[PDB]
Amino acid sequence: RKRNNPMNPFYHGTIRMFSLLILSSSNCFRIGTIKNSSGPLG
Amino acid sequence: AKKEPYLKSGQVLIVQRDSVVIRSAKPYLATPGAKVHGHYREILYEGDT
Amino acid sequence: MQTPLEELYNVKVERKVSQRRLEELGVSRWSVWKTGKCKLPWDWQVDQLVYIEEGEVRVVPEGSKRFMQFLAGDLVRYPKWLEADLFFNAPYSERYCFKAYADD
Amino acid sequence: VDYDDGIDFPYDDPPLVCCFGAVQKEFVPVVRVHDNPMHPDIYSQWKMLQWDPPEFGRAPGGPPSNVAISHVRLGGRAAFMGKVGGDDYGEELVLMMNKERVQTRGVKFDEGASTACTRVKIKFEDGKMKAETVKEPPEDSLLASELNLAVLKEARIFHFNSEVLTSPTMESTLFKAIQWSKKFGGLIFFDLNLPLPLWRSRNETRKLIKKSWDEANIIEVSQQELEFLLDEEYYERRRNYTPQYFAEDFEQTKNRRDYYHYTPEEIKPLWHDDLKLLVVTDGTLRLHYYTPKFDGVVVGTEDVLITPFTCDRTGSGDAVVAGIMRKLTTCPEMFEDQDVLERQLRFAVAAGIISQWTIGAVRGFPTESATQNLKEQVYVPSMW
Amino acid sequence: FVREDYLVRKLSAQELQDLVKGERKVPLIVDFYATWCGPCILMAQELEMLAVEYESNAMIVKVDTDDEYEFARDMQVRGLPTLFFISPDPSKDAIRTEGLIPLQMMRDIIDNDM
């Protein structure tokens, strides 16, 4: 417990889990009325 | 397509309107009677059988 | 991060308490605790209401690099299960009351 | 200025080249701060910095006499213009250049001066030690009246470094030499090789070199010098960028070394009308070339780990420049033909590679047949 | 019990300051070097031999430009290797040399000009 204790304020990668792997740019790469508009209806 | 550069090996991870992101993968050819060391989706480290 | 420690740790504070609120709480009958320059680790097992009468305290939650500062005149409610380090740098005096479930 | 000098002559082949400046033994001018120092006393560890060098020291340049010696060993003909003292060290420097079959008729003796010796006074301004020059050495004291105009008339390439810009006397003498060389049709080769003082600030250096930069027809700079002259922090940030989620192309995934080829629009602040060829050297690894009509890069290589105990990069920058000068004088289509230019620049790459395999710049400068042999061994036959 | 293998001392700019301001009786030779500079390996061996030749008749020190870059530039160091020969007479001016000079040329400067 904390009270039993025996710094002074006055003074990339994407996780893939299922086991952990890191996905990043080292293993993923890219290969290259009024007018209706998308939005809320209420 | 004829007018396009050849693809690299891997799995299609992201599909967008005019591009695709690939996760790099390497295939290994195995003949009948060969033994695979590991379940599906098992993590294999570099140099592992 | 962007979120203040008081919001993250559910530390209710009522800086500049009016005398009306003090009498509604019955602070004049609360017990007294005081200290000098020291360092107090504590894990709260029940909620505690603290009215600071003199001095100031800087509260560093477990593993934190930031602190919460409470000054004389503030009424603080430390939540149950909070683990923190309390730092004092000068004479400090408070009146406290521990609150069980319901109660106040 | 007024007239000619000498008797006109059929001028034997290969065409002469003139190197202008100070003749020194060794003396690396380009000095910056490296963050990986070895033991201060055990110099047997220091060779590990020869095979993992600071980037500014990948292919260091040197004094102009290095280029002249290296040019002659590669099959050319060269003359050195400069001054030495009448003392014993002055004779040793001249005898070194005569042994290497460098013409020394352009070398003037100053019998009242000590070679490679500068008198300076030590002061204690603002609680810090500084020195100021009282008497310049003979190496930096050639006068315009002491120029050998027969050399400047015959020479087809006039070569000098930015070290002459640190001397008030040499700077005035330099621009008279350039005037004479241009009047006789010579090309001006500015091999920057910035000394220690000229690395202090971009703006002061750009003002200091602007006049000599504008007089040059051929310029060689290192990648570090070019980035310093344009913007050092922008290119460092560019090298350190890593995409957050995925690479933009498959090659970006391999995390390879950065060989960024500067666009001619980035180079535009440094381009002028009379400039025929700009070469930016990333050691011997890359030779970026820029002409008014085209630009591109020659891929090279290096192998100092093939000989870990004799490798020494000092002087390899001079061998590359000498190799460029050897091919420019004998293959003038280099300026207008891109494919020819790339093939000839591979010869300069090979000369730089061999030069890094020996301790000492002059001791290790390669011959023409050795350079041609290495070029054919390294490159596939279609690239020769 | 074991003699040290190297005689030439490496000094800070501050330490070199007090050595020059203070009173000196022997010639002071200051070497500017860097561990990445190939010619400095050759110069380091020549100065160790010069220290053996001049046991107490000269003082040989060295300064690393990786540590004292600003100090080197103010001292008019234009490249490496660079040597400063400072006389014990405060009126005489110091001699700055550039390049891998021969050992005999160092001796002549120390004997005749220092």
# chains A, B, ... in the order shown; residues from 1 in each chain; ligands from 1
>>> select_by_dssp(residues="chain B", states="strand (DSSP E or B)", output="PyMOL selection string")
chain B and resi 10-15+20-24
>>> write_last_selection(atoms="C-alpha atoms", output="compact mmCIF listing (two decimals), in the first residue's frame")
# COMPACT_ATOMS: atom_id res chain seq x y z
CA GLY B 10 1.87 -8.59 -49.97
CA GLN B 11 -1.70 -8.28 -48.78
CA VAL B 12 -4.03 -5.42 -49.66
CA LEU B 13 -4.42 -3.59 -46.35
CA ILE B 14 -6.14 -0.35 -47.40
CA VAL B 15 -8.34 0.37 -50.42
CA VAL B 20 -3.93 0.85 -52.38
CA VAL B 21 -1.73 0.31 -49.32
CA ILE B 22 0.05 -3.05 -49.20
CA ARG B 23 1.40 -4.86 -46.16
CA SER B 24 4.63 -6.50 -47.28
>>> interface_residues(of="chain A", to="chain D", cutoff="7 Å", atoms="only C-alpha atoms", output="list in words")
residues 12, 13, 24, 25, 26, 27, 28, 29, 30 and 31 of chain A
>>> write_last_selection(atoms="N, CA, C and O atoms", output="PDB file, in the first residue's frame")
ATOM      1  N   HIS A  12       7.517   5.808 -34.840  1.00  0.00           N
ATOM      2  CA  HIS A  12       6.087   5.605 -35.039  1.00  0.00           C
ATOM      3  C   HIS A  12       5.719   4.128 -34.967  1.00  0.00           C
ATOM      4  O   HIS A  12       6.545   3.288 -34.611  1.00  0.00           O
ATOM      5  N   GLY A  13       4.471   3.819 -35.307  1.00  0.00           N
ATOM      6  CA  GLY A  13       4.022   2.442 -35.347  1.00  0.00           C
ATOM      7  C   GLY A  13       2.601   2.235 -34.868  1.00  0.00           C
ATOM      8  O   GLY A  13       2.148   2.888 -33.925  1.00  0.00           O
ATOM      9  N   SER A  24       4.218  -0.190 -39.577  1.00  0.00           N
ATOM     10  CA  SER A  24       4.717   1.155 -39.814  1.00  0.00           C
ATOM     11  C   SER A  24       5.089   1.278 -41.285  1.00  0.00           C
ATOM     12  O   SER A  24       4.751   0.421 -42.106  1.00  0.00           O
ATOM     13  N   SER A  25       5.800   2.356 -41.616  1.00  0.00           N
ATOM     14  CA  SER A  25       6.261   2.579 -42.978  1.00  0.00           C
ATOM     15  C   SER A  25       7.376   1.627 -43.386  1.00  0.00           C
ATOM     16  O   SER A  25       7.756   1.615 -44.560  1.00  0.00           O
ATOM     17  N   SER A  26       7.920   0.849 -42.452  1.00  0.00           N
ATOM     18  CA  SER A  26       8.924  -0.148 -42.793  1.00  0.00           C
ATOM     19  C   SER A  26       8.322  -1.434 -43.343  1.00  0.00           C
ATOM     20  O   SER A  26       9.065  -2.260 -43.881  1.00  0.00           O
ATOM     21  N   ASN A  27       7.008  -1.631 -43.221  1.00  0.00           N
ATOM     22  CA  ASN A  27       6.378  -2.820 -43.776  1.00  0.00           C
ATOM     23  C   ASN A  27       5.049  -2.555 -44.467  1.00  0.00           C
ATOM     24  O   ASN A  27       4.404  -3.515 -44.900  1.00  0.00           O
ATOM     25  N   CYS A  28       4.617  -1.304 -44.592  1.00  0.00           N
ATOM     26  CA  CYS A  28       3.400  -0.957 -45.314  1.00  0.00           C
ATOM     27  C   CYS A  28       3.718   0.180 -46.270  1.00  0.00           C
ATOM     28  O   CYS A  28       4.391   1.142 -45.890  1.00  0.00           O
ATOM     29  N   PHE A  29       3.246   0.070 -47.509  1.00  0.00           N
ATOM     30  CA  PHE A  29       3.587   1.043 -48.534  1.00  0.00           C
ATOM     31  C   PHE A  29       2.407   1.242 -49.470  1.00  0.00           C
ATOM     32  O   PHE A  29       1.587   0.344 -49.667  1.00  0.00           O
ATOM     33  N   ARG A  30       2.346   2.431 -50.059  1.00  0.00           N
ATOM     34  CA  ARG A  30       1.267   2.798 -50.959  1.00  0.00           C
ATOM     35  C   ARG A  30       1.645   2.490 -52.400  1.00  0.00           C
ATOM     36  O   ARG A  30       2.791   2.688 -52.812  1.00  0.00           O
ATOM     37  N   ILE A  31       0.674   1.994 -53.160  1.00  0.00           N
ATOM     38  CA  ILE A  31       0.809   1.798 -54.597  1.00  0.00           C
ATOM     39  C   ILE A  31      -0.185   2.734 -55.267  1.00  0.00           C
ATOM     40  O   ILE A  31      -1.401   2.587 -55.098  1.00  0.00           O
TER      41      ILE A  31
END
>>> residues_around(residues="region 67-76 of chain C", least_positions_apart="6", cutoff="10 Å", atoms="only C-alpha atoms", output="PyMOL selection string")
(chain A and resi 8-10) or (chain C and resi 4-6+11-18+21-22+48-61+84-87+92-96)
>>> write_last_selection(atoms="C-alpha atoms", output="compact mmCIF listing (two decimals), in the first residue's frame")
# COMPACT_ATOMS: atom_id res chain seq x y z
CA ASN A 8 9.65 17.42 -5.60
CA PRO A 9 6.93 19.65 -7.13
CA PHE A 10 8.35 22.65 -5.25
CA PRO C 4 -5.90 18.76 -16.04
CA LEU C 5 -5.09 16.43 -13.17
CA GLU C 6 -8.18 17.50 -11.22
CA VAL C 11 -10.64 15.78 -7.32
CA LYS C 12 -13.50 18.17 -6.58
CA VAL C 13 -12.25 21.60 -5.49
CA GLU C 14 -14.26 24.61 -4.27
CA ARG C 15 -11.67 27.41 -4.14
CA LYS C 16 -12.68 30.50 -2.13
CA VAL C 17 -15.38 28.80 -0.07
CA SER C 18 -18.01 31.10 1.40
CA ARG C 21 -20.90 26.64 2.85
CA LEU C 22 -18.48 26.04 5.73
CA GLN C 48 -11.91 12.86 2.50
CA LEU C 49 -13.10 16.46 2.67
CA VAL C 50 -10.30 18.90 3.52
CA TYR C 51 -10.62 22.61 4.26
CA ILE C 52 -7.21 24.29 4.11
CA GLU C 53 -6.83 27.02 6.74
CA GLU C 54 -3.17 27.96 6.26
CA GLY C 55 -0.41 27.20 3.78
CA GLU C 56 -0.49 25.17 0.60
CA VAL C 57 -0.01 21.60 -0.59
CA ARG C 58 1.12 20.17 -3.93
CA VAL C 59 -0.39 16.77 -4.70
CA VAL C 60 1.47 14.41 -7.05
CA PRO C 61 -0.57 11.33 -8.06
CA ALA C 84 -0.81 10.33 -4.34
CA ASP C 85 2.10 12.09 -2.70
CA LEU C 86 1.40 15.26 -0.71
CA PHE C 87 4.20 17.84 -0.57
CA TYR C 92 0.23 24.01 6.77
CA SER C 93 -3.06 23.65 8.64
CA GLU C 94 -6.32 22.00 7.65
CA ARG C 95 -9.63 20.69 8.94
CA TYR C 96 -10.71 17.33 7.57
>>> residues_around(residues="residue 56 (chain E)", least_positions_apart="3", cutoff="9 Å", atoms="only C-alpha atoms", output="PyMOL selection string")
chain E and resi 26+51+59
>>> write_last_selection(atoms="N, CA and C atoms", output="compact mmCIF listing (two decimals), in the first residue's frame")
# COMPACT_ATOMS: atom_id res chain seq x y z
N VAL E 26 60.10 28.15 -20.83
CA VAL E 26 60.45 27.32 -21.98
C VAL E 26 59.50 27.63 -23.13
N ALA E 51 58.69 15.65 -27.89
CA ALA E 51 58.64 15.74 -26.43
C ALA E 51 59.79 14.97 -25.79
N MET E 59 57.70 22.76 -23.77
CA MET E 59 56.42 22.25 -23.28
C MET E 59 55.50 22.04 -24.48
>>> closest_atom_pairs(of="chain E", to="chain D", cutoff="7 Å", atoms="only C-alpha atoms", output="JSON lines")
{"residue": "E:6", "atom": "CA", "partner": "D:41", "partner_atom": "CA", "distance": 7.0}
{"residue": "E:17", "atom": "CA", "partner": "D:129", "partner_atom": "CA", "distance": 6.7}
{"residue": "E:35", "atom": "CA", "partner": "D:46", "partner_atom": "CA", "distance": 5.6}
{"residue": "E:36", "atom": "CA", "partner": "D:49", "partner_atom": "CA", "distance": 5.2}
{"residue": "E:38", "atom": "CA", "partner": "D:312", "partner_atom": "CA", "distance": 6.3}
{"residue": "E:39", "atom": "CA", "partner": "D:26", "partner_atom": "CA", "distance": 6.6}
{"residue": "E:41", "atom": "CA", "partner": "D:43", "partner_atom": "CA", "distance": 5.9}
{"residue": "E:66", "atom": "CA", "partner": "D:33", "partner_atom": "CA", "distance": 5.1}
{"residue": "E:69", "atom": "CA", "partner": "D:33", "partner_atom": "CA", "distance": 7.0}
{"residue": "E:73", "atom": "CA", "partner": "D:197", "partner_atom": "CA", "distance": 6.2}
{"residue": "E:74", "atom": "CA", "partner": "D:130", "partner_atom": "CA", "distance": 4.8}
{"residue": "E:75", "atom": "CA", "partner": "D:131", "partner_atom": "CA", "distance": 4.7}
{"residue": "E:76", "atom": "CA", "partner": "D:131", "partner_atom": "CA", "distance": 6.1}
{"residue": "E:78", "atom": "CA", "partner": "D:196", "partner_atom": "CA", "distance": 5.0}
{"residue": "E:79", "atom": "CA", "partner": "D:29", "partner_atom": "CA", "distance": 4.2}
{"residue": "E:80", "atom": "CA", "partner": "D:27", "partner_atom": "CA", "distance": 5.4}
{"residue": "E:81", "atom": "CA", "partner": "D:27", "partner_atom": "CA", "distance": 6.0}
{"residue": "E:93", "atom": "CA", "partner": "D:121", "partner_atom": "CA", "distance": 5.1}
{"residue": "E:94", "atom": "CA", "partner": "D:120", "partner_atom": "CA", "distance": 5.4}
{"residue": "E:95", "atom": "CA", "partner": "D:119", "partner_atom": "CA", "distance": 4.9}
{"residue": "E:96", "atom": "CA", "partner": "D:118", "partner_atom": "CA", "distance": 5.0}
{"residue": "E:97", "atom": "CA", "partner": "D:117", "partner_atom": "CA", "distance": 4.8}
{"residue": "E:98", "atom": "CA", "partner": "D:116", "partner_atom": "CA", "distance": 5.9}
{"residue": "E:99", "atom": "CA", "partner": "D:27", "partner_atom": "CA", "distance": 4.5}
{"residue": "E:100", "atom": "CA", "partner": "D:25", "partner_atom": "CA", "distance": 5.7}
>>> residues_around(residues="region 71-83 of chain D", least_positions_apart="6", cutoff="7 Å", atoms="only C-alpha atoms", output="VMD selection string")
chain D and resid 14 to 22 65 102 to 104 106 to 110 138 to 139 141 to 142 322 to 323 326 366 to 368
>>> closest_atom_pairs(of="chain C", to="chain A", cutoff="6 Å", atoms="only C-alpha atoms", output="tab-separated table")
residue	atom	partner	partner_atom	distance
C:41	CA	A:3	CA	5.5
C:42	CA	A:3	CA	4.5
C:43	CA	A:2	CA	5.3
>>> residues_around(residues="residue 23 (chain A)", least_positions_apart="6", cutoff="7 Å", atoms="only C-alpha atoms", output="list in words")
residues 13, 14, 15 and 16 of chain A
>>> select_by_dssp(residues="chain C", states="helix (DSSP H, G or I)", output="VMD selection string")
chain C and resid 5 to 9 19 to 25 27 to 29
>>> atom_distance(atom1="CA of residue 165 (chain D)", atom2="CA of residue 72 (chain E)")
18.9 Å
>>> residues_around(residues="residue 89 (chain C)", least_positions_apart="4", cutoff="7 Å", atoms="only C-alpha atoms", output="ChimeraX atom specification")
/C:36-38
>>> write_last_selection(atoms="C-alpha atoms", output="short mmCIF file (atom, residue, chain, number, x, y, z; two decimals), in the first residue's frame")
data_model
loop_
_atom_site.label_atom_id
_atom_site.label_comp_id
_atom_site.auth_asym_id
_atom_site.auth_seq_id
_atom_site.Cartn_x
_atom_site.Cartn_y
_atom_site.Cartn_z
CA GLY C 36 5.62 21.67 8.35
CA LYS C 37 7.87 21.09 5.33
CA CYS C 38 7.57 17.35 4.67
#
>>> atom_distance(atom1="CA of residue 64 (chain C)", atom2="CA of residue 33 (chain C)")
25.2 Å
>>> closest_residue(among="E:55, E:91, E:27, E:64", to="residue 112 (chain E)", atoms="only C-alpha atoms")
E:27
>>> decode(residues="region 39-74 of chain C", atoms="N, CA and C atoms", output="mmCIF file, in the first residue's frame")
data_model
loop_
_atom_site.group_PDB
_atom_site.id
_atom_site.type_symbol
_atom_site.label_atom_id
_atom_site.label_comp_id
_atom_site.auth_asym_id
_atom_site.auth_seq_id
_atom_site.Cartn_x
_atom_site.Cartn_y
_atom_site.Cartn_z
ATOM 1 N N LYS C 39 6.812 15.424 3.416
ATOM 2 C CA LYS C 39 6.328 14.671 2.267
ATOM 3 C C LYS C 39 5.491 13.509 2.785
ATOM 4 N N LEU C 40 4.222 13.461 2.392
ATOM 5 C CA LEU C 40 3.293 12.450 2.901
ATOM 6 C C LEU C 40 2.725 11.597 1.775
ATOM 7 N N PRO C 41 3.109 10.327 1.666
ATOM 8 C CA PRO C 41 2.417 9.427 0.735
ATOM 9 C C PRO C 41 1.150 8.875 1.365
ATOM 10 N N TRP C 42 0.103 8.749 0.553
ATOM 11 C CA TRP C 42 -1.162 8.253 1.071
ATOM 12 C C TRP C 42 -1.980 7.615 -0.040
ATOM 13 N N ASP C 43 -2.681 6.538 0.307
ATOM 14 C CA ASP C 43 -3.704 5.941 -0.544
ATOM 15 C C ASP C 43 -5.040 6.077 0.169
ATOM 16 N N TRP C 44 -5.952 6.841 -0.419
ATOM 17 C CA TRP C 44 -7.231 7.113 0.224
ATOM 18 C C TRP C 44 -8.122 5.879 0.171
ATOM 19 N N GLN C 45 -8.557 5.414 1.339
ATOM 20 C CA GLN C 45 -9.463 4.281 1.418
ATOM 21 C C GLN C 45 -10.920 4.705 1.500
ATOM 22 N N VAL C 46 -11.183 5.958 1.871
ATOM 23 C CA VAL C 46 -12.503 6.566 1.762
ATOM 24 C C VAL C 46 -12.309 7.993 1.267
ATOM 25 N N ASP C 47 -13.402 8.602 0.816
ATOM 26 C CA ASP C 47 -13.356 10.009 0.440
ATOM 27 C C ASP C 47 -13.033 10.863 1.657
ATOM 28 N N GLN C 48 -12.272 11.932 1.436
ATOM 29 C CA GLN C 48 -11.914 12.856 2.501
ATOM 30 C C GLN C 48 -12.169 14.285 2.053
ATOM 31 N N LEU C 49 -12.893 15.035 2.876
ATOM 32 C CA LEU C 49 -13.100 16.460 2.671
ATOM 33 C C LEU C 49 -12.084 17.226 3.506
ATOM 34 N N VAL C 50 -11.354 18.133 2.867
ATOM 35 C CA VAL C 50 -10.301 18.898 3.523
ATOM 36 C C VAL C 50 -10.550 20.377 3.281
ATOM 37 N N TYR C 51 -10.568 21.159 4.353
ATOM 38 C CA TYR C 51 -10.622 22.613 4.262
ATOM 39 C C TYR C 51 -9.278 23.159 4.726
ATOM 40 N N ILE C 52 -8.536 23.763 3.806
ATOM 41 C CA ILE C 52 -7.209 24.285 4.111
ATOM 42 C C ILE C 52 -7.356 25.643 4.785
ATOM 43 N N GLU C 53 -6.776 25.778 5.975
ATOM 44 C CA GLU C 53 -6.835 27.018 6.735
ATOM 45 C C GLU C 53 -5.577 27.863 6.611
ATOM 46 N N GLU C 54 -4.423 27.241 6.383
ATOM 47 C CA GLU C 54 -3.167 27.964 6.258
ATOM 48 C C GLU C 54 -2.215 27.153 5.392
ATOM 49 N N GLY C 55 -1.440 27.845 4.567
ATOM 50 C CA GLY C 55 -0.410 27.201 3.779
ATOM 51 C C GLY C 55 -0.915 26.684 2.445
ATOM 52 N N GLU C 56 -0.140 25.765 1.877
ATOM 53 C CA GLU C 56 -0.488 25.168 0.598
ATOM 54 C C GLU C 56 0.135 23.787 0.494
ATOM 55 N N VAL C 57 -0.458 22.965 -0.366
ATOM 56 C CA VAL C 57 -0.012 21.598 -0.594
ATOM 57 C C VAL C 57 0.022 21.351 -2.094
ATOM 58 N N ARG C 58 1.028 20.614 -2.546
ATOM 59 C CA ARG C 58 1.118 20.173 -3.930
ATOM 60 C C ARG C 58 0.979 18.659 -3.957
ATOM 61 N N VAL C 59 -0.002 18.172 -4.709
ATOM 62 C CA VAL C 59 -0.388 16.767 -4.704
ATOM 63 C C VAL C 59 0.075 16.140 -6.009
ATOM 64 N N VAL C 60 0.917 15.118 -5.904
ATOM 65 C CA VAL C 60 1.469 14.413 -7.054
ATOM 66 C C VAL C 60 0.879 13.005 -7.068
ATOM 67 N N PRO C 61 -0.047 12.696 -7.975
ATOM 68 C CA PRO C 61 -0.574 11.331 -8.058
ATOM 69 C C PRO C 61 0.519 10.343 -8.436
ATOM 70 N N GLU C 62 0.287 9.081 -8.083
ATOM 71 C CA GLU C 62 1.291 8.043 -8.268
ATOM 72 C C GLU C 62 1.712 7.942 -9.729
ATOM 73 N N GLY C 63 3.018 8.048 -9.972
ATOM 74 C CA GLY C 63 3.573 7.981 -11.305
ATOM 75 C C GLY C 63 3.498 9.260 -12.107
ATOM 76 N N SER C 64 3.028 10.356 -11.519
ATOM 77 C CA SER C 64 2.785 11.583 -12.258
ATOM 78 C C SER C 64 4.010 12.489 -12.256
ATOM 79 N N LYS C 65 4.108 13.317 -13.296
ATOM 80 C CA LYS C 65 5.124 14.355 -13.387
ATOM 81 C C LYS C 65 4.567 15.747 -13.132
ATOM 82 N N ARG C 66 3.248 15.889 -13.049
ATOM 83 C CA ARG C 66 2.590 17.148 -12.745
ATOM 84 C C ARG C 66 2.031 17.104 -11.330
ATOM 85 N N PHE C 67 1.531 18.249 -10.872
ATOM 86 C CA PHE C 67 0.976 18.339 -9.532
ATOM 87 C C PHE C 67 -0.289 19.186 -9.544
ATOM 88 N N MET C 68 -1.122 18.956 -8.535
ATOM 89 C CA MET C 68 -2.259 19.810 -8.227
ATOM 90 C C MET C 68 -1.902 20.672 -7.027
ATOM 91 N N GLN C 69 -2.232 21.955 -7.097
ATOM 92 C CA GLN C 69 -1.922 22.899 -6.035
ATOM 93 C C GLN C 69 -3.211 23.389 -5.391
ATOM 94 N N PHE C 70 -3.283 23.283 -4.068
ATOM 95 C CA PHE C 70 -4.408 23.782 -3.293
ATOM 96 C C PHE C 70 -3.895 24.741 -2.230
ATOM 97 N N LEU C 71 -4.574 25.873 -2.087
ATOM 98 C CA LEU C 71 -4.144 26.956 -1.218
ATOM 99 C C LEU C 71 -5.150 27.158 -0.095
ATOM 100 N N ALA C 72 -4.764 27.990 0.870
ATOM 101 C CA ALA C 72 -5.635 28.288 1.999
ATOM 102 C C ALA C 72 -6.939 28.909 1.516
ATOM 103 N N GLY C 73 -8.049 28.427 2.063
ATOM 104 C CA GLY C 73 -9.367 28.827 1.627
ATOM 105 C C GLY C 73 -10.056 27.840 0.710
ATOM 106 N N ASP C 74 -9.330 26.868 0.164
ATOM 107 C CA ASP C 74 -9.911 25.879 -0.734
ATOM 108 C C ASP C 74 -10.502 24.717 0.055
#
